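Quick heads-up: it's one chain on its own, the form deposited in one PDB entry, in structure tokens.
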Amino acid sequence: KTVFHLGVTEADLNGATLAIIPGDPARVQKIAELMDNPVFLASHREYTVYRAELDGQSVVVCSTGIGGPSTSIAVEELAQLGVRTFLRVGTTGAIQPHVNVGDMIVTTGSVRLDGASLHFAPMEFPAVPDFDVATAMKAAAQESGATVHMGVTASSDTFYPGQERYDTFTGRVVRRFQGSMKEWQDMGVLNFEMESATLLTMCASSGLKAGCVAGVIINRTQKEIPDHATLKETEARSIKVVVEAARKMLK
């Protein structure tokens, strides 16, 4: 009756059918405390799980860890317990010169640079969000006063070569990814992160509602390693937006 990795039961969720799924286990309590009656449920591996209440309805907050594989486990196990809507929040690197640190991006579709999406649907299938979730995320971001961009997200199984970073141990990027950042830039792609392709393909092919919003922590036309100075303020804004987006999805 406890799910295998997350360590929670259906009763622990207290009726929740919506989950906010940040990446970092440390963001879980912060998100829960933006809501009412936050309650710690479990922590195992990269999965920290809280419940809280938003306009009187239970919401679960569960970290995913980095990457499609760990995200896919959390989504499956939460779905087993009745969760049907998944709101992903995370950090991201902008590809376009005009998208600045602190701006918010809402993904309209993901470039599938991952492996786990292929475990749910063949490559032809679109990694696209639920329209209601994407609409809620746009409205929450805009209502908050943020600068918001809607568009395509390149979603990579690596932080380093698949985002065409060269300041690395080998300084090498495999042929597939050489020139890839400028290719995505010329195609209008807004940003890089590491989970949206898996999450959106999995949910869109499995009857689950999902969307992604992310705060820009670096502009890749400038540099490869994000500055620490701006991380906390961008993170605070993103989680305020995602909780408001959850409020708009409650029925």
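Here the rigid core means the biggest group of C-alpha atoms that line up within 1.5 Å when the two forms are laid on top of each other. Shifts are known only where both forms have a C-alpha. Residue numbers run from 1 along the displayed sequence.
Same protein, other form: the form deposited in another entry, not shown, and the subject of what follows.
- Core-aligned CA deviation for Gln29 between the shown form and the other one: less than 2 Å.
- Relative to the superposed core, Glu53 shifts its CA atom by less than 2 Å between the shown form and the other one.
- When two forms of a protein are overlaid on their rigid core, residues whose CA moves 2 Å or more are considered shifted, and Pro226 is one of them between the shown form and the other one.
- In contrast to the form presented, in the other form the C-alpha positions of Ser63 and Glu224 spread farther apart by 3 Å or more.
- Core-superposed comparison between the shown form and the other one: residues with C-alpha shifts of 2 Å or more form a single run of three or more, at 222-233.
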